[PDB]
Each structure stands twice: as structure tokens, then as C-alpha cells.
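Presented below is the structure to which this report refers.
Quick note: numbers below take in every heavy atom, side chains included, and nothing from hydrogens, waters or symmetry partners. Proteins come first, then strands; the chains are lettered A, B, ... in the order of their sequence lines, and each starts at number 1.
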Amino acid sequence: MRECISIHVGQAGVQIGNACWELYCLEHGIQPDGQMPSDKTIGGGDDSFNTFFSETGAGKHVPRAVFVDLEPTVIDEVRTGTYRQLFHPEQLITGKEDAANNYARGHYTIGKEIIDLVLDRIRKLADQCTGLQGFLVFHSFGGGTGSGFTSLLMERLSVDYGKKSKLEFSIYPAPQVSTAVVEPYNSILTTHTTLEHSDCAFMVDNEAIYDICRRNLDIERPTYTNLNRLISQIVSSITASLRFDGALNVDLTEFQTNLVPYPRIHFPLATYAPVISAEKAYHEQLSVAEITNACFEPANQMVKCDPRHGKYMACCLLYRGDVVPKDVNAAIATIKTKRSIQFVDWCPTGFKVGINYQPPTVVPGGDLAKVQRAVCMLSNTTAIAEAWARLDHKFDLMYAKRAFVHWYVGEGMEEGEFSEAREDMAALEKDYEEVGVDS
Amino acid sequence: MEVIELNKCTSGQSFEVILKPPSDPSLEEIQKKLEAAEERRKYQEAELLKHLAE
Amino acid sequence: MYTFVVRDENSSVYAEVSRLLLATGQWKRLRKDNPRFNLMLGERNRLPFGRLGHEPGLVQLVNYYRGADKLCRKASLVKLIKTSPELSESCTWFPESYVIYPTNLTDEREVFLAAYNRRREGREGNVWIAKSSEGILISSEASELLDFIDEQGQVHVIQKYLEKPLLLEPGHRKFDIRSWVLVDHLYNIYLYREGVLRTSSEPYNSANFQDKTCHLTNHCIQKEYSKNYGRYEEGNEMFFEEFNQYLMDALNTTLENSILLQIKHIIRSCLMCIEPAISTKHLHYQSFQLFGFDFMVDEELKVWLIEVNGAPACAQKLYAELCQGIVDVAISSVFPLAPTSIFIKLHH
Amino acid sequence: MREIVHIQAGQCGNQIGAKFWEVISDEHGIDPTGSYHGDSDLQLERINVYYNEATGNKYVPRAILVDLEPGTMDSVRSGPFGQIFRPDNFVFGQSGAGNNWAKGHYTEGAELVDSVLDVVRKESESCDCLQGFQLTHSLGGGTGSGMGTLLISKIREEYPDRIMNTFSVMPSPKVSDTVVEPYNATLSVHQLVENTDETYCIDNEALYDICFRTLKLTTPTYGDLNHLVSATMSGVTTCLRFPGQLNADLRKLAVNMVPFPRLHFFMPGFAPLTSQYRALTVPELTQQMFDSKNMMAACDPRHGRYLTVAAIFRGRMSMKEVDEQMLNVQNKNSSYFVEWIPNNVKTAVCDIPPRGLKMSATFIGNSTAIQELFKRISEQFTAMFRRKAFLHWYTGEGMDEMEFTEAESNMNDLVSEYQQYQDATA
Ligand SMILES: C=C1C[C@H](C)C[C@@H]2CC=C[C@@H](C/C=C\C(=O)O[C@H]([C@@H](O)/C=C/[C@@H]3CC(C)=CCO3)C[C@@H]3O[C@H]3[C@@H](O)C1)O2
Ligand SMILES: Nc1nc2c(ncn2[C@@H]2O[C@H](COP(=O)(O)OP(=O)(O)OP(=O)(O)O)[C@@H](O)[C@H]2O)c(=O)[nH]1
Ligand SMILES: Nc1ncnc2c1ncn2[C@@H]1O[C@H](COP(=O)(O)OP(=O)(O)CP(=O)(O)O)[C@@H](O)[C@H]1O
Ligand SMILES: Nc1nc2c(ncn2[C@@H]2O[C@H](COP(=O)(O)OP(=O)(O)O)[C@@H](O)[C@H]2O)c(=O)[nH]1
Ligand SMILES: [Ca+2]
Ligand SMILES: [Ca+2]
Ligand SMILES: [Ca+2]
Ligand SMILES: [Mg+2]
Ligand SMILES: [Mg+2]
Ligand SMILES: [Mg+2]
């Protein structure tokens, strides 16, 4: 058994982290007070769940997680919330004043003052690990902490643990729920600096999740709670293989080897189905064929973009619930002769498939209906570069006038880092065009 | 379609179906970056305090 | 008030579409880079499809289908037709074609040569034509065909030349048929009821392929190289009413029976083939597009598809009617303003 | 990221300031004696931003009151909520400033500034985490204008990394006390351009016009003008005072609102204008708040473009309708929003409405049309300065003409800078 440490940085990373651990506890039968009746080996074990939960002599099951935010508002919700008893105070780290949506403020100014305290709390967790495999880092692109502090944290993690894998769950910015006009700057700055330090990153566009919540959950104006409960379902299906018995994606290294043939091109598209509202009493259960077909619908993707006009490098299907290999191969047969699924020449056309018999757990009283089967597809498609193009365009519009640049320079950042980050993204866009476009 | 690497346990199954064959900065360098930014912050503030002093 | 932007200055079709929208009193034109638009009239090259449909509170629409280039690129059209089970073999309306690659800056040839040899020692006409997306060679010898593709340095297609075209009388003159097709956001396929024949002003020859004025029916070429241009009809352009009369008088049939039935069938086959790949039915933005289909008619009254144009111009006489049609069918359908249709619906 | 320290200086500054505190005290359920008597926890969650906790669990405004004579402050102290202010926080002289910037900034003011700074320091040092300061004052007199800007300079020197925020009342010949107002205003704008992060431009000409040809007041008094200012201030500080995730602290607001450091002068607006019975619909709030008639700076937004806009909707209403209407206002007037700052309009919603209203909306715009205001002042300044009229009042206090020339040059540069970005295109 190899342990995984989750790190939650800034408001988005913390609130999402809080939704995931809630869900993890429901899935493993852990109660708010930390106890697990199902667990028999008291005070320790080598079970699959132990990858995410350590144990105390008193039989408390404790998340291998640290929460970091530059202001205490959000993390204090955790300390006093439903799962207060789950975490230890050492895990929750708060600062005095936040990064004010300024990458440079979070990275340079405030980052410098708190980074050693953070790395040390992480070390305490690493020290209880017999065989740590690496880190899962949750954060927004757009916030000053989420963007600036995370990239410093990632740089230092590569130093203190150079062998370990690092995976990201990043919230890509959408104006519909956005809190700052400079988010594009923060996104490109953080992506540039983080790039070489992340083995695999799952981007979730708030726009996609927002719209899914509106059209499928009939939520008129989604809140962060609605968004986060949906995000945590997707996150759980992605991490479920590290927490449960199985043979696909059982260690963090597997994500890279299965999904990322070229190191920079490490942003797989997540697609999820089915999302059904818990308010619809009569609903007909979707089949393996149908939920699988839904994986090739832009309306269900974590980022809106069109894979028909890109090429695939890898594809993974993660099913939870009443699914057998026969139904999957049948679904894939029909779908293939019906849809535009072009793989790059230097990769095999195929799917790695995982099935977990426990159907998705939903939060009691949440917006999500319980369903008997669900799937999350992780596909590495060049079509996701559409999200980089949008982002880079917005950056260009503002940067051409040097709008808001002084806020960054004023925090000790050099202006050239803007052009440096933007050059890196331009190369990135070019790399995607090379692997995915003919002429 | 060929199904391979089929693995079964009580929790579930995994396998692979093929449809067609194919055809870092040191600790020192980072602290230097943080320190150089802090120095620029110190310099900008000293200029402000100089201006105010005049 | 609906808003829109303009990003192709050379489009005569949309230059008129814009002026129509302004005239409505319910459409306002914006600056090129203002993303706050309902309607984009895009550029022909490298249109930023990835930037469409991410503007909260705006339904957005563009006048191009992403992916339609597969149909509108000569090399691509041949590949699409050979490899698509829907078309491919058992397509009898596209001339035998091959994609040939120059030896300078997969690949065909040889396979082409094998078919060529068949008619060589087969007592059959082996006149072929080389072309790509001025710059066309009509020859009956394979040797001087390839020995022309490499001199140009661009992907080319060599297809069978139609040696037995239907010739208009008097004049013994070739021609081609242009049809305009509008595909709306719902993927309804609309054939404009008015077509045009682009005629040659020179009698058709069979031994002089050097004189490419009675062999190439391009209106651009005809004015430049023909003494009699405009002699038989204005601008070397015959419209459907006249052509129909001709067919009745000369051949005892109608345009609809002898030709249009086939034209409709071909348009449907091509567009339904590519539909799954380009449909914007469940996309975050929607598109429509106007296509230019060009056909040849042989002497047996068999219709052959020659090429599909993705950014077609129109015929002066017709600009007005068609453009209003685009507005009514393609644009006002999505953004309704506060018949006797000019289109025929090819029912997908 | 928490406590704000409020300073109010001079007659205008103290009169609007008293009203401000009167209004927010009511909204937060705090009585003239500083005792909380509300019926919600939303009104205490961020109460510490503007109030200190005292003995007996009562609330004291983190407010410092300043003047060079004692009159207006005596009136404040004997006012309705006069008892709520910390007695040690009244700092005043006896000489007055005679509507003279030089007196407030260089002579009479210099004498008193250190005692004000002592009070500022005592309030700061009590702060868990001071975010910054907000100053209320006019630019047309002597104390608020001259001493006010002197204080800002000294505060920056001592707290150079805190946000400095002002509500600055601009003078109007329509509502004038003396002919030297343009001199005092121009000298102050020079200071404000360099030393504040956010300045809310409250134009007495706008407040007058609104009272006259919207509220139908034949003869507006300073009281009527201040009713509008009270409401605007309560409105613009809402996101600071109640739970929310958008522009919830001074620095975050500044990062979202200010794309270039000198261009930090905001045009406020609100709806509905009151001096009732039927609540406004969300679409009405939106139409009205963006109407030039609802603006507190006398500049026509149609004469320029918005760099950035912040809006705040108050009351119980549909967040969906709010988003829709706000999107509608931008989509149907996209010409007036610069296209090179994408998504430059942000919106917050707070459940708690203001006194006497079911629904309201407050607008804060960074528009290049604000150049009209500075141009108006510049013109009045030059009309007198070309003939050195009334200059002796200033040279008598040791100032020389060169300082006027420099303040005038700097304000005209400010105008030309706005024109640049008004003309700028993607
Ligand atoms: C109803 C409208 C015009 C259209 C129908 C509404 C459209 C959508 C939503 C709101 C309004 C804008 C709000 C007020 C308004 O237009 O007031 C006008 C005048 O003051 C123009 C102000 C403009 C508004 C904007 C957005 C930028 C520049 O200033 C003054 C006009 O009396 C107001 C009324 O006519 C406004 O624009
Ligand atoms: N999906 C989701 N997005 C969030 C959440 N909280 C914030 N965001 C998004 O994150 C971006 C803002 O960054 P934050 O995480 O709030 O900021 P931060 O990391 O705490 O950094 P600072 O506050 O500037 O110090 C915006 O795009 C928000 O829409 C959340 O709970 N869920
Ligand atoms: N296979 C064939 N058999 C007989 N004639 C052919 C032919 N292929 C092409 N042509 C004839 O000559 C000209 C080539 O025109 P083609 O349509 O292929 O390219 P083009 O560059 O003219 C664009 P457009 O389709 O808009 O005319 C044909 O239009 C028609 O005149
Ligand atoms: N809105 C408003 N403006 C005022 C008030 N009192 C004075 N003014 C304006 O402020 C300027 C005079 O400055 P004032 O504050 O009286 O002088 P100070 O005491 O030296 O700061 C003039 O432009 C007046 O129109 C007031 O109560 N409300
Ligand atoms: Ca155990
Ligand atoms: Ca004295
Ligand atoms: Ca002292
Ligand atoms: Mg935060
Ligand atoms: Mg062509
Ligand atoms: Mg006075």
C-alpha cells in the first residue's frame, strides 16, 4: 500500500477539498467523528483506503490532507463544520491576509513568508508514510493564492520529493462565477511556472460545470456548493482507483503512463455521465451504451470543446456501478462506427477500461440523483487546446495595453515574466497543433 | 476488437480493448527568485519614502 | 437589437447580407474584435471556432461549418469520397480520381497508372485532367501528366476528363452547372431554386487541348480568352428557365427530370455523409454555411459532381434574392425579428 | 483583510461622515448608544470591519473626526448618533482654515496633523489585520481638502502598504461657498492622483441636479445633497460590510477596478433615487442605475467608455434575473465598454436591503467620461490663474505660483490620459 497526500490551496481548492472528503467518507463508511465501523484492524491497516486515510490508536481515520489558504474565512468553515473532528489542527493552515487575486502577491510576497510552514506540515504527513507515491493538488487558476502560491509549492515539492508524482485538479476561470478581471493573467502565469512540475492535470472549466448544473440539475443559478458537489463526483471517480481494490490506475504514476505520452501535453479531458437531478421522481435508468455515448457529447465535458476536430492520444473509461465488460465492448463497437474518433498515428486506437461495482455515492439531500451506473471518461485530446486559445486571447487583449500590470510589478514581479509565461503558452498551443492537425 | 489484460477482483474488473494497432530549479535558485522580488519591493518602497521625505 | 461582426471583406455574398441586416433596423454592426456578438460573418482562413460560444447570455452563430473543408478541398474531397462507406465505392456520380503527391515540398500514383494502362491497351479514351485547390493540365498521356505536378509543388488530383459532355446548340459548346446550397443550424439542407450554367463561347474540340477556352468553363477564363464571350448569352451565363426550354425543345425532357433529380441526390449524399462530423446540434455555438456545388452533364444526361466550393460567390442577377434567403432562413430563424420560398428542402 | 479605519475631515467631511455612520449603524442594528438590537446574524458577521467591540458588548465606530475649528464637530457630537463616537477620537483646533488649501495643508493643518496621527496609530494598533483607510472630505474648502490630503500623505508614509480610499466631494459653481474652490480642488486632485488607490468622485453639481430635476426639490439644501451621499456610501461599502466573495476587501476591489494606477477616480450611481411603496423590478434597478441621471459625478457616461464596472444589488430578488439584466445591459450597449478588458463588469448581491427599500442597486464605474469633471475644474482654475486672481490668499501662506502651475499640469495630464484609453482599440 502506497500513500497519497492531498493538498488544497486557496478558496476553490479548499471548498472543493471539503466536498471531496465528505464524499470519500460516505463512500468508505467513515463517520464525521472519524470512526469506521467496517474497519476491523483497529489503529492501523494496509487496506486500499489507507492510501487516503491514516489511523490512530483510538480508531480515528484521518485524511492525508493539508488545507492552505492565505486568509482564514474558508478554512475556518472546516474547523467548525460537520467534519471538524476529522482533521487535526496542524493540517489546516491559515494566513492573515490573502493574495487579492494577484499571482505575484501569492507567489512572491506572501508565498515567501508561509512556504516553509506549509512544507513542514506536509513533511509531518510524509513522515507517517511507509511509501508515499506523491501529491494531489487542488486549486483555482484565477485566485491569487490558487495560482501564485500553488506554483511556488509545486516548484518546492519537486525539490523536496523529486521522485514523487504530482497531479493537479485545477479550476479554469469562467466569468459567470468569476471574482476578478485579471484571472487570465493568473492562469497563464501559474500554468507557465507549474508546467514542468505537474505530471498530470485535470482542468475543470467552471463554465462547463455551471451549465451542466443548469441544464441537468435544473438549478437556476448554481452556487459554489452545487458546483463543488458535482466536481467532487468527478474527482472521486478519478481517484476511486487509488482508494479501492482494482488493476487500473492503482498508483499516481499510472495516470501519466496511461494518459500522457508527451510531458507538456498533460491535460486530459474529463467527461462524466449521467448527471440526473434528485428532484425528478420518475427517471429511467440509462444503459451502458447510453452513458458511454454521452461521453462523446460536448455538453457533458468538464471543458467545452470539440474532440471531433482534434486527435486522441489516450482514452480511459472509469465505470462505477452495474456494468460488465460485455456491455462496454458492445457500446464501444457501435459508438466507433458512429462517431469521429481519430487517434494520432503514433498511438493505438483503443480504450483502457475500469469497472468498480459500487455505484456512485451521492450526498444525502444533494442535487444529484442516485443512479445504478455511471462513467467518467478521461481522454487526452488535442481539442482541449481550445481552452488555452481562449485564455491566451484574453491575456493578449489586456497585456497589449499593460492593463493591471502595475499590480504585479508592484509586488516584486518583473514585467518580463508576463512575456515569458505567454511565450511558453504559445509554444504549448503550437505543440497541440503539431500532434493534432494535418493541414 | 481484442480484449486484453483482463483483471478481476470482488470490487470490479479492468481491461483494455484495442480497435487498431499504431502506425528543475534547485532550492537555492528558488530562494534567489523570492529574494530578488523582495529586493525590488524594498527598492520601490524606499523610492516612495524618499519622495515623501522630499 | 441583435448585433453582429464582419471579418471577411471580400465576400460579395455577405457584404450584401450585412447591408440587408442593417436595413432591418434590428441589427447593429460592431467592430471586428468585439466578442459581444450574436452573429459572426467569419474569415475564410483560420476562423477562431474555439472562441465561439463562451459569451454568457449570448446565443452565437457563425456562417461557416467547422470541418466543411473536407468537402471543399479538391484533394480532401477525393479522399472523403473513397474512404466513406456512405459514398466510396458504389458512387457513380464522381469521376475516377486519384491524389498525386509531388516529389518536393497516404500517397497515390501507380494505382492510378494501373487504371491508365487498362484503357491504353483497351481502345478507350485515356484523356485525364490534373488540378489542385490557372494551373490545370488536360492531357491524354500519363507521362506528361506527372511531369507537371512536380513542377508546381502542390498536392494535386488527377481525374478522368469527361470526353463526352452535353454540348449546347448552336455553338457546340461545353458548360458547367453551379448550384447554391444553404445548410442552416438545424442541418436542414436548402437548394436555391435558381442555378446558373457557366457556358463556353468556343466550339468544343477533341484534338486541341492546348486551347483551354472551350475546355475550361470558368467565367473568369471565358472573358479573358474568348472573342465571342457574351455572344450566346450575357456573361456566358444561362439560367434555369432558358436551359429548361432548351431541354424541352431539343431533347423532349425537363431540367428537373434529366438533371435536377441527380443534383439533389448528390447534394444530399455529400452533406449527410459529413453531417456527424460537423453538425452543431448539441454544440455551444451554432453554424450555417452557403456552398457552391459545380456539376458536369454528359451526353447521356448523366450528372457528375466536379467540386464543392465552401466560399462561393453568386451571379449578379441573383445576389439580391439569395441573400434575403440567407437572412430569412439562416439568420432570422435563430434571431427572429419583431412565401413562396426561394429554396427547396432536401429532406435529410 | 479585516478592519478599516475611517477619517472624516472639515465641515463637509464631518457632515457626510456623521450621516454615513448614522445610516450603516441602522443597517447593522446598532443604536445611538452603541448597543446592538438587530434580528439577524448577517448584520454582525463583518461588523468588526467598521466597529470595535467595547465593554458590555457594545460597538464603537473605528472613526476619527477632524477639523480646524470646533463648530461642525460640536454639531456632530450633539447630533442623533453623536454619543456613539469615541470621545478621544475628536481632534480639532480653533483657528479654522478659511477655505484655504494652503492653510489646511501647510500652516494651520501642519500644527494639528501629529495629534490626528496619534489617534490613527491607536486605532491601527488595535487592529487584528488592518486593510486600510477611508477618508470623507470635500476638495473645495481648506481643512478637508488641504489638511485631508496632508493626512493622506502622512498616512502613506507610515502605512505604505495599506489601501487608501476616499469619498471626495467635488465643488460646483451651482453649489459654491467661495470663488477659490477650483484652486483648492485642483491642488487636492494632484495629491489624490498620487496617494489614493480608490477615490469616489461625488460631484455637488450632480447631487444638486438630481435633487432639483429628479427629486423635484425647488431649493435643495446641504441636507438633501447629503441624503444622496449617505445612500451612495452605504451602497458602495456594502460588499465590505456583509458576507460575499466579490470586491469584499479594499485591495481586491482595487485590483478589479484600477487597470492603471493614476486612473482610480470612480463615478458612483444608485437606484432608486429617494429623498415609495412599490419596489423596483430587477430590470428597473438596472435601467436606472446606469442612467446618466442616476450618476453622482456630473459626467455623461455616453461621452466615454467604461474601463471597469462594479455593481451591487441589495434585497431579496432572483440572482438569475440580476445576471440576466446585467448581461443585457452590456450586450445592448457593448460600445461603451472597452473591449480590451474582457468581462470588465462584475456584480454582487446582498440579501439585506437599505432602510425604507425592498430593493436597490449601486453602481461604481471607472469611466473615461470622468475626464469631463476634471476638465470643468481645470477650466475654472485657469480662468482665475491666468490673471493670478485671489492668489494672494495662498502666497500669504508661503506657497508660490509654481506649485499651482504643477498641480494644473498634472491634472491636465490626467485628462489626456483618460482621452488616450477612450480612443484605444483592440
Ligand atoms: C430602456 C432604455 C434603453 C434600452 C431599451 C435598455 C437597454 C438595456 C438595459 C438598460 C439600458 C441602459 C440603462 C440606462 C440608459 O440607457 O439610460 C439612458 C441614458 O442614460 C444612457 C446611459 C448609457 C447606458 C450605458 C450602458 C452606457 C453608457 O450610458 C436614458 C434612457 O431613458 C433610459 C431608457 O431609454 C433606457 O439599455
Ligand atoms: N468551482 C469552484 N470555483 C471556485 C470556488 N471558489 C472560488 N472559485 C473560483 O476560483 C477563482 C477565484 O480564486 P479563489 O480560489 O477564490 O482565490 P484564492 O485562491 O483563495 O486566492 P486569493 O483569494 O486571491 O488569495 C474564480 O474563478 C472563482 O470562480 C469554489 O468553491 N468552487
Ligand atoms: N473531370 C472533368 N471532366 C470534364 N471537365 C472537367 C473535369 N474536371 C474539371 N473540368 C472542367 O474544367 C474546369 C475546372 O474547374 P474546377 O471546378 O475543377 O476548379 P475551379 O478552380 O474552376 C473552382 P470552381 O469549382 O468554383 O469552378 C471544370 O470547371 C470544368 O470546366
Ligand atoms: N455635499 C456637501 N457638500 C458640502 C457640505 N458642506 C460643504 N460642502 C462643499 O464643500 C466645499 C467647502 O468645503 P468645506 O468642507 O465646507 O470646508 P472645510 O471645513 O475647510 O473642509 C464647497 O464646495 C461646498 O459646496 C455638505 O454638507 N455636503
Ligand atoms: Ca485498518
Ligand atoms: Ca497656532
Ligand atoms: Ca507625539
Ligand atoms: Mg481567498
Ligand atoms: Mg474552386
Ligand atoms: Mg464650509
Can you confirm whether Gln13(B) sits close enough to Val353(A) that some side-chain heavy atom of one is under 4.5 Å from a side-chain heavy atom of the other?
no
Engaged part of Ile332(A) at the chain B interface, taking heavy atoms whose separation is under 4.5 Å
both
Is the shortest heavy-atom distance from the side chain of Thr10(B) to the side chain of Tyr357(A) under 4.5 Å?
no
State, yes or no, whether a side-chain contact exists between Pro348(A) and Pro21(B) at a heavy-atom distance under 4.5 Å.
no
More than 12 heavy atoms of other residues, nucleotides or ligands under 6.0 Å from NZ of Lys32(B): is that the case?
no
Ranked by heavy-atom pairs below 4.5 Å to chain A, first place among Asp24(B), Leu6(B), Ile4(B) goes to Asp24(B)
With the side chain counted from C-beta on, respond yes when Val3(B) and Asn329(A) share a heavy-atom pair under 4.5 Å apart, and no when they do not.
yes
For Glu47(B), look at atom CD and say whether over 12 heavy atoms of other residues, nucleotides or ligands are found less than 6.0 Å away.
yes
Separation of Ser11(B) OG from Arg243(A) CZ (nearest 0.5 Å)
12.0 Å
Looking at side-chain heavy atoms only, is the closest gap between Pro25(B) and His197(A) below 4.5 Å?
yes
For the CD atom on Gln358(A), are there more than 12 heavy atoms of other groups (residues, nucleotides or ligands in this structure) within a distance under 6.0 Å?
yes
Between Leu27(B) and chain A, which part of the residue has a heavy atom less than 4.5 Å away: side chain, backbone, both or neither?
both
Please check if atom NZ in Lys33(B) has more than 12 non-hydrogen atoms from other residues, nucleotides or ligands closer than 6.0 Å.
no
Structural part of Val328(A) lying under 4.5 Å from a heavy atom of chain B:
side chain
Restricting to non-hydrogen atoms, name the atom on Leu19(B) and the atom on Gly350(A) that form the minimum distance, rounded to 0.1 Å.
CD1-CA, 3.8 Å
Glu16(B) side, atom CD; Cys315(A) side, atom SG - distance, nearest 0.5 Å
11.0 Å
How many angstroms lie between atom CG of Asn7(B) and atom CG of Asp245(A), to the nearest 0.5 angstrom?
10.5 Å
To the closest 0.5 Å, what do you measure between OG (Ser14(B)) and CG (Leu317(A))?
12.5 Å
Do the non-hydrogen side-chain atoms of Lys112(A) and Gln31(B) ever get within less than 4.5 Å of each other?
no
Relative to chain B, which segment of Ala104(A) carries a heavy atom at a distance below 4.5 Å: side chain, backbone, both, or neither?
neither
Check whether any side-chain N or O of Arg41(B) sits under 3.5 Å from a backbone N or O of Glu411(A) as a donor-acceptor pair, and report yes or no.
yes
Give, as side chain, backbone, both or neither, the part of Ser241(A) having an atom under 4.5 angstrom from any heavy atom of chain B.
neither
Using a 4.5 angstrom heavy-atom cutoff, name the option from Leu248(A), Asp345(A), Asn249(A) with the most pairs to chain B.
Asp345(A)
For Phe351(A), which atoms come within 4.5 Å of any heavy atom of chain B: side chain, backbone, both, or neither?
both
Quick check: do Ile30(B) and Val159(A) have side-chain heavy atoms less than 4.5 Å from each other?
yes
State, with a plain yes or no, whether a side-chain heavy atom of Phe15(B) is found less than 4.5 Å away from one of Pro325(A).
yes
Of all of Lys42(B), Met1(B), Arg40(B), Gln44(B), which one pairs up most often with chain A through heavy atoms under 4.5 Å apart?
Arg40(B)
